[PDB]
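Chemist: Sharing protein.cif (mmCIF, N, CA and C atoms) below.
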data_start
#
loop_
_atom_site.group_PDB
_atom_site.id
_atom_site.type_symbol
_atom_site.label_atom_id
_atom_site.label_comp_id
_atom_site.auth_asym_id
_atom_site.auth_seq_id
_atom_site.Cartn_x
_atom_site.Cartn_y
_atom_site.Cartn_z
ATOM 1 N N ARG W 1 86.082 104.662 110.926
ATOM 2 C CA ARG W 1 86.451 103.341 110.353
ATOM 3 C C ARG W 1 86.971 102.435 111.490
ATOM 4 N N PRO W 2 87.133 101.125 111.230
ATOM 5 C CA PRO W 2 87.787 100.244 112.181
ATOM 6 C C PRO W 2 89.139 100.779 112.605
ATOM 7 N N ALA W 3 89.369 100.794 113.916
ATOM 8 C CA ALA W 3 90.581 101.360 114.471
ATOM 9 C C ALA W 3 91.834 100.670 113.940
ATOM 10 N N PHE W 4 91.767 99.352 113.665
ATOM 11 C CA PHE W 4 92.955 98.671 113.162
ATOM 12 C C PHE W 4 93.474 99.310 111.817
ATOM 13 N N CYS W 5 92.577 99.952 111.084
ATOM 14 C CA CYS W 5 92.844 100.573 109.780
ATOM 15 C C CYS W 5 93.739 101.803 109.908
ATOM 16 N N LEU W 6 93.827 102.334 111.135
ATOM 17 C CA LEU W 6 94.621 103.511 111.437
ATOM 18 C C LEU W 6 96.025 103.167 111.881
ATOM 19 N N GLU W 7 96.331 101.882 112.034
ATOM 20 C CA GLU W 7 97.662 101.453 112.455
ATOM 21 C C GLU W 7 98.612 101.464 111.277
ATOM 22 N N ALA W 8 99.873 101.783 111.552
ATOM 23 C CA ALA W 8 100.974 101.685 110.602
ATOM 24 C C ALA W 8 101.095 100.266 110.075
ATOM 25 N N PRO W 9 101.521 100.109 108.830
ATOM 26 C CA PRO W 9 101.724 98.760 108.349
ATOM 27 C C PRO W 9 102.878 98.100 109.084
ATOM 28 N N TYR W 10 102.743 96.800 109.229
ATOM 29 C CA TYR W 10 103.635 95.988 110.015
ATOM 30 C C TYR W 10 104.248 94.868 109.159
ATOM 31 N N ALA W 11 105.515 95.088 108.791
ATOM 32 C CA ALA W 11 106.268 94.110 108.029
ATOM 33 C C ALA W 11 106.441 92.861 108.875
ATOM 34 N N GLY W 12 106.586 93.052 110.206
ATOM 35 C CA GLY W 12 106.884 91.928 111.091
ATOM 36 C C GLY W 12 108.279 91.338 110.922
ATOM 37 N N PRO W 13 108.537 90.210 111.597
ATOM 38 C CA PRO W 13 109.926 89.750 111.701
ATOM 39 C C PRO W 13 110.349 88.727 110.633
ATOM 40 N N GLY W 14 109.455 88.359 109.734
ATOM 41 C CA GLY W 14 109.692 87.300 108.797
ATOM 42 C C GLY W 14 110.688 87.662 107.739
ATOM 43 N N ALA W 15 111.296 86.632 107.158
ATOM 44 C CA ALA W 15 112.362 86.803 106.161
ATOM 45 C C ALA W 15 111.855 86.938 104.713
ATOM 46 N N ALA W 16 110.562 86.690 104.486
ATOM 47 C CA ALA W 16 110.029 86.758 103.106
ATOM 48 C C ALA W 16 109.789 88.241 102.714
ATOM 49 N N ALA W 17 109.520 88.439 101.436
ATOM 50 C CA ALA W 17 109.259 89.741 100.861
ATOM 51 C C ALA W 17 107.963 89.603 100.058
ATOM 52 N N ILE W 18 106.858 89.682 100.798
ATOM 53 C CA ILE W 18 105.535 89.439 100.198
ATOM 54 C C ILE W 18 104.846 90.792 100.011
ATOM 55 N N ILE W 19 104.392 91.058 98.804
ATOM 56 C CA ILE W 19 103.650 92.352 98.571
ATOM 57 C C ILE W 19 102.195 92.224 99.075
ATOM 58 N N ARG W 20 101.837 93.056 100.033
ATOM 59 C CA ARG W 20 100.517 93.169 100.629
ATOM 60 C C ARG W 20 100.087 94.612 100.650
ATOM 61 N N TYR W 21 98.831 94.842 101.027
ATOM 62 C CA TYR W 21 98.237 96.192 101.005
ATOM 63 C C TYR W 21 97.801 96.507 102.411
ATOM 64 N N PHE W 22 98.029 97.755 102.762
ATOM 65 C CA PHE W 22 97.437 98.341 103.984
ATOM 66 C C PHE W 22 96.580 99.529 103.569
ATOM 67 N N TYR W 23 95.590 99.871 104.406
ATOM 68 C CA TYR W 23 94.862 101.114 104.221
ATOM 69 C C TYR W 23 95.667 102.256 104.860
ATOM 70 N N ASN W 24 96.014 103.271 104.075
ATOM 71 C CA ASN W 24 96.739 104.451 104.544
ATOM 72 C C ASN W 24 95.789 105.648 104.685
ATOM 73 N N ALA W 25 95.344 105.924 105.898
ATOM 74 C CA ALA W 25 94.291 106.900 106.101
ATOM 75 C C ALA W 25 94.784 108.299 105.701
ATOM 76 N N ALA W 26 96.086 108.504 105.834
ATOM 77 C CA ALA W 26 96.700 109.765 105.498
ATOM 78 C C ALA W 26 96.526 110.068 104.019
ATOM 79 N N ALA W 27 96.669 109.036 103.191
ATOM 80 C CA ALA W 27 96.517 109.171 101.748
ATOM 81 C C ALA W 27 95.096 108.923 101.297
ATOM 82 N N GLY W 28 94.269 108.353 102.177
ATOM 83 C CA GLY W 28 92.940 107.962 101.806
ATOM 84 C C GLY W 28 92.918 106.881 100.738
ATOM 85 N N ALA W 29 93.846 105.942 100.802
ATOM 86 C CA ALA W 29 93.997 104.961 99.693
ATOM 87 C C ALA W 29 94.633 103.687 100.246
ATOM 88 N N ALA W 30 94.411 102.573 99.571
ATOM 89 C CA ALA W 30 95.175 101.352 99.851
ATOM 90 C C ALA W 30 96.549 101.494 99.190
ATOM 91 N N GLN W 31 97.582 100.972 99.858
ATOM 92 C CA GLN W 31 98.988 101.067 99.401
ATOM 93 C C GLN W 31 99.729 99.782 99.618
ATOM 94 N N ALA W 32 100.593 99.425 98.663
ATOM 95 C CA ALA W 32 101.447 98.233 98.842
ATOM 96 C C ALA W 32 102.537 98.449 99.862
ATOM 97 N N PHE W 33 102.897 97.365 100.543
ATOM 98 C CA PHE W 33 104.032 97.318 101.465
ATOM 99 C C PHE W 33 104.568 95.879 101.474
ATOM 100 N N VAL W 34 105.768 95.732 102.009
ATOM 101 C CA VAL W 34 106.378 94.384 102.060
ATOM 102 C C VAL W 34 106.126 93.786 103.422
ATOM 103 N N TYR W 35 105.546 92.596 103.386
ATOM 104 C CA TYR W 35 105.292 91.819 104.566
ATOM 105 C C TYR W 35 106.243 90.622 104.575
ATOM 106 N N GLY W 36 106.773 90.318 105.751
ATOM 107 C CA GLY W 36 107.717 89.239 105.873
ATOM 108 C C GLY W 36 107.164 87.845 106.071
ATOM 109 N N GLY W 37 105.829 87.695 106.169
ATOM 110 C CA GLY W 37 105.222 86.375 106.177
ATOM 111 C C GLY W 37 104.835 85.836 107.538
ATOM 112 N N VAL W 38 105.183 86.565 108.584
ATOM 113 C CA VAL W 38 104.843 86.172 109.928
ATOM 114 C C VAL W 38 104.257 87.291 110.784
ATOM 115 N N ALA W 39 103.262 86.896 111.582
ATOM 116 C CA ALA W 39 102.669 87.793 112.597
ATOM 117 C C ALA W 39 101.988 89.064 112.028
ATOM 118 N N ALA W 40 101.288 88.897 110.922
ATOM 119 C CA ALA W 40 100.476 89.966 110.377
ATOM 120 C C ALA W 40 99.613 90.626 111.429
ATOM 121 N N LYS W 41 99.469 91.938 111.302
ATOM 122 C CA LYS W 41 98.413 92.667 111.974
ATOM 123 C C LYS W 41 97.202 92.731 111.016
ATOM 124 N N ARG W 42 96.123 93.350 111.460
ATOM 125 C CA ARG W 42 94.895 93.278 110.711
ATOM 126 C C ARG W 42 94.928 94.187 109.472
ATOM 127 N N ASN W 43 95.702 95.279 109.562
ATOM 128 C CA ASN W 43 95.847 96.189 108.385
ATOM 129 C C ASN W 43 96.828 95.650 107.355
ATOM 130 N N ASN W 44 96.461 94.530 106.755
ATOM 131 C CA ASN W 44 97.340 93.774 105.908
ATOM 132 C C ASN W 44 96.474 92.819 105.083
ATOM 133 N N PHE W 45 96.414 93.099 103.800
ATOM 134 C CA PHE W 45 95.518 92.435 102.890
ATOM 135 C C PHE W 45 96.198 91.972 101.629
ATOM 136 N N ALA W 46 95.547 91.032 100.941
ATOM 137 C CA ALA W 46 96.129 90.447 99.712
ATOM 138 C C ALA W 46 96.086 91.468 98.562
ATOM 139 N N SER W 47 95.154 92.423 98.620
ATOM 140 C CA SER W 47 94.863 93.314 97.478
ATOM 141 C C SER W 47 94.317 94.631 97.959
ATOM 142 N N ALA W 48 94.431 95.614 97.088
ATOM 143 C CA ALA W 48 93.909 96.956 97.339
ATOM 144 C C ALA W 48 92.400 96.903 97.543
ATOM 145 N N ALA W 49 91.762 96.085 96.734
ATOM 146 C CA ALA W 49 90.317 95.873 96.832
ATOM 147 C C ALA W 49 89.941 95.355 98.222
ATOM 148 N N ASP W 50 90.616 94.313 98.712
ATOM 149 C CA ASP W 50 90.257 93.755 100.027
ATOM 150 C C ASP W 50 90.456 94.817 101.123
ATOM 151 N N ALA W 51 91.509 95.626 100.982
ATOM 152 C CA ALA W 51 91.851 96.657 101.985
ATOM 153 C C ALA W 51 90.746 97.735 102.010
ATOM 154 N N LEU W 52 90.239 98.129 100.854
ATOM 155 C CA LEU W 52 89.223 99.206 100.810
ATOM 156 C C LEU W 52 87.874 98.687 101.313
ATOM 157 N N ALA W 53 87.608 97.406 101.055
ATOM 158 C CA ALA W 53 86.374 96.810 101.527
ATOM 159 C C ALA W 53 86.364 96.691 102.994
ATOM 160 N N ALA W 54 87.498 96.444 103.626
ATOM 161 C CA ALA W 54 87.556 96.378 105.058
ATOM 162 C C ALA W 54 87.661 97.755 105.738
ATOM 163 N N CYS W 55 88.392 98.677 105.155
ATOM 164 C CA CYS W 55 88.792 99.894 105.860
ATOM 165 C C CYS W 55 88.141 101.205 105.342
ATOM 166 N N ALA W 56 87.589 101.179 104.133
ATOM 167 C CA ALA W 56 87.070 102.406 103.498
ATOM 168 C C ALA W 56 85.576 102.222 103.512
ATOM 169 N N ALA W 57 85.100 102.201 104.780
ATOM 170 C CA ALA W 57 83.860 101.566 105.358
ATOM 171 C C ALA W 57 82.881 100.892 104.408
#
Take the structure I supplied and represent it as structure tokens, if you would.

Modeler:
Amino acid sequence: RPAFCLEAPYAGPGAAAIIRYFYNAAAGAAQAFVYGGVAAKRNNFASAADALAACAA
């Protein structure tokens, strides 16, 4: 899969509490996490569907 999909989710430094999805290769599933609203990495999607389409080849 895309290497970015293997990275840990990144909340980043922002003050917001936004629910986003990362692909968790360990679980083989998309999972919610809290994103702070700034400096997203690529393993960070609006929905489980978007995460699987990008990362679950």

Chemist: Atom N of residue 52 (chain W) and atom N of residue 34 (chain W) are how many Å apart?

Modeler: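 Pair atom N of residue 52 (chain W) / atom N of residue 34 (chain W) returns 15.8 Å.
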
Chemist: Around the point (107.5, 86.5, 103.1), in the coordinates given by the file, pick out the residues reaching within 8 Å, counting all atoms listed in the file, and return them as a list in words.

Modeler: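 Residues with an atom at most 8 Å from (107.5, 86.5, 103.1): residues 14, 15, 16, 17, 18, 19, 34, 35, 36, 37 and 38 of chain W.
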
Chemist: Write out, as a JSON list (two decimals), in the coordinates of the input, the residues just selected, with N, CA and C atoms.

Modeler:
[["chain", "number", "residue", "atom", "x", "y", "z"],
["W", 14, "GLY", "N", 109.46, 88.36, 109.73],
["W", 14, "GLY", "CA", 109.69, 87.30, 108.80],
["W", 14, "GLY", "C", 110.69, 87.66, 107.74],
["W", 15, "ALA", "N", 111.30, 86.63, 107.16],
["W", 15, "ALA", "CA", 112.36, 86.80, 106.16],
["W", 15, "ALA", "C", 111.86, 86.94, 104.71],
["W", 16, "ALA", "N", 110.56, 86.69, 104.49],
["W", 16, "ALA", "CA", 110.03, 86.76, 103.11],
["W", 16, "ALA", "C", 109.79, 88.24, 102.71],
["W", 17, "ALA", "N", 109.52, 88.44, 101.44],
["W", 17, "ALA", "CA", 109.26, 89.74, 100.86],
["W", 17, "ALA", "C", 107.96, 89.60, 100.06],
["W", 18, "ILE", "N", 106.86, 89.68, 100.80],
["W", 18, "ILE", "CA", 105.54, 89.44, 100.20],
["W", 18, "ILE", "C", 104.85, 90.79, 100.01],
["W", 19, "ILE", "N", 104.39, 91.06, 98.80],
["W", 19, "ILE", "CA", 103.65, 92.35, 98.57],
["W", 19, "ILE", "C", 102.20, 92.22, 99.08],
["W", 34, "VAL", "N", 105.77, 95.73, 102.01],
["W", 34, "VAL", "CA", 106.38, 94.38, 102.06],
["W", 34, "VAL", "C", 106.13, 93.79, 103.42],
["W", 35, "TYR", "N", 105.55, 92.60, 103.39],
["W", 35, "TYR", "CA", 105.29, 91.82, 104.57],
["W", 35, "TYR", "C", 106.24, 90.62, 104.58],
["W", 36, "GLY", "N", 106.77, 90.32, 105.75],
["W", 36, "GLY", "CA", 107.72, 89.24, 105.87],
["W", 36, "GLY", "C", 107.16, 87.84, 106.07],
["W", 37, "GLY", "N", 105.83, 87.70, 106.17],
["W", 37, "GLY", "CA", 105.22, 86.38, 106.18],
["W", 37, "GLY", "C", 104.84, 85.84, 107.54],
["W", 38, "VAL", "N", 105.18, 86.56, 108.58],
["W", 38, "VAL", "CA", 104.84, 86.17, 109.93],
["W", 38, "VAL", "C", 104.26, 87.29, 110.78]]

Chemist: How many Å separate CA of residue 8 (chain W) from CA of residue 42 (chain W)?

Modeler: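 Rounded to one decimal, the two atoms are 10.4 Å apart.
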
Chemist: I'd like the interatomic distance between atom C of residue 1 (chain W) and CA of residue 48 (chain W), to a tenth of an Å.

Modeler: 16.7 Å

Chemist: If I wrap all listed atoms of region 26-40 of chain W in a box with edges along x, y and z and add 4 Å on each side, what are its centre and edge lengths in Å to one decimal, as lines of an AutoDock Vina configuration file?

Modeler:
center_x = 100.3
center_y = 98.0
center_z = 105.6
size_x = 22.8
size_y = 32.2
size_z = 21.9

Chemist: For the file shown, what are the residues hit by the PyMOL selection byres (((chain W and resi 28 and name CA) around 12) and name CA), laid out as a PDB file with N, CA and C atoms, in the coordinates of the input?

Modeler:
ATOM      1  N   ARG W   1      86.082 104.662 110.926  1.00  0.00           N
ATOM      2  CA  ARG W   1      86.451 103.341 110.353  1.00  0.00           C
ATOM      3  C   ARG W   1      86.971 102.435 111.490  1.00  0.00           C
ATOM      4  N   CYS W   5      92.577  99.952 111.084  1.00  0.00           N
ATOM      5  CA  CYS W   5      92.844 100.573 109.780  1.00  0.00           C
ATOM      6  C   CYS W   5      93.739 101.803 109.908  1.00  0.00           C
ATOM      7  N   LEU W   6      93.827 102.334 111.135  1.00  0.00           N
ATOM      8  CA  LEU W   6      94.621 103.511 111.437  1.00  0.00           C
ATOM      9  C   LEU W   6      96.025 103.167 111.881  1.00  0.00           C
ATOM     10  N   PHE W  22      98.029  97.755 102.762  1.00  0.00           N
ATOM     11  CA  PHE W  22      97.437  98.341 103.984  1.00  0.00           C
ATOM     12  C   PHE W  22      96.580  99.529 103.569  1.00  0.00           C
ATOM     13  N   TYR W  23      95.590  99.871 104.406  1.00  0.00           N
ATOM     14  CA  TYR W  23      94.862 101.114 104.221  1.00  0.00           C
ATOM     15  C   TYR W  23      95.667 102.256 104.860  1.00  0.00           C
ATOM     16  N   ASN W  24      96.014 103.271 104.075  1.00  0.00           N
ATOM     17  CA  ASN W  24      96.739 104.451 104.544  1.00  0.00           C
ATOM     18  C   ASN W  24      95.789 105.648 104.685  1.00  0.00           C
ATOM     19  N   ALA W  25      95.344 105.924 105.898  1.00  0.00           N
ATOM     20  CA  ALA W  25      94.291 106.900 106.101  1.00  0.00           C
ATOM     21  C   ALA W  25      94.784 108.299 105.701  1.00  0.00           C
ATOM     22  N   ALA W  26      96.086 108.504 105.834  1.00  0.00           N
ATOM     23  CA  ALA W  26      96.700 109.765 105.498  1.00  0.00           C
ATOM     24  C   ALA W  26      96.526 110.068 104.019  1.00  0.00           C
ATOM     25  N   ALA W  27      96.669 109.036 103.191  1.00  0.00           N
ATOM     26  CA  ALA W  27      96.517 109.171 101.748  1.00  0.00           C
ATOM     27  C   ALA W  27      95.096 108.923 101.297  1.00  0.00           C
ATOM     28  N   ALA W  29      93.846 105.942 100.802  1.00  0.00           N
ATOM     29  CA  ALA W  29      93.997 104.961  99.693  1.00  0.00           C
ATOM     30  C   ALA W  29      94.633 103.687 100.246  1.00  0.00           C
ATOM     31  N   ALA W  30      94.411 102.573  99.571  1.00  0.00           N
ATOM     32  CA  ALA W  30      95.175 101.352  99.851  1.00  0.00           C
ATOM     33  C   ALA W  30      96.549 101.494  99.190  1.00  0.00           C
ATOM     34  N   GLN W  31      97.582 100.972  99.858  1.00  0.00           N
ATOM     35  CA  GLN W  31      98.988 101.067  99.401  1.00  0.00           C
ATOM     36  C   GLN W  31      99.729  99.782  99.618  1.00  0.00           C
ATOM     37  N   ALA W  48      94.431  95.614  97.088  1.00  0.00           N
ATOM     38  CA  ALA W  48      93.909  96.956  97.339  1.00  0.00           C
ATOM     39  C   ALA W  48      92.400  96.903  97.543  1.00  0.00           C
ATOM     40  N   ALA W  51      91.509  95.626 100.982  1.00  0.00           N
ATOM     41  CA  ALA W  51      91.851  96.657 101.985  1.00  0.00           C
ATOM     42  C   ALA W  51      90.746  97.735 102.010  1.00  0.00           C
ATOM     43  N   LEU W  52      90.239  98.129 100.854  1.00  0.00           N
ATOM     44  CA  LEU W  52      89.223  99.206 100.810  1.00  0.00           C
ATOM     45  C   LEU W  52      87.874  98.687 101.313  1.00  0.00           C
ATOM     46  N   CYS W  55      88.392  98.677 105.155  1.00  0.00           N
ATOM     47  CA  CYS W  55      88.792  99.894 105.860  1.00  0.00           C
ATOM     48  C   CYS W  55      88.141 101.205 105.342  1.00  0.00           C
ATOM     49  N   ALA W  56      87.589 101.179 104.133  1.00  0.00           N
ATOM     50  CA  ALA W  56      87.070 102.406 103.498  1.00  0.00           C
ATOM     51  C   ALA W  56      85.576 102.222 103.512  1.00  0.00           C
ATOM     52  N   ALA W  57      85.100 102.201 104.780  1.00  0.00           N
ATOM     53  CA  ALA W  57      83.860 101.566 105.358  1.00  0.00           C
ATOM     54  C   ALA W  57      82.881 100.892 104.408  1.00  0.00           C
TER      55      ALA W  57
END

Chemist: If we count only C-alpha atoms, what is near residue 9 (chain W) at a cut-off of 8 Å, once residues fewer than 6 positions away on the same chain are taken out, given as a list in words?

Modeler: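 With the cut-off at 8 Å, the set is residues 22, 33, 41, 43 and 44 of chain W.
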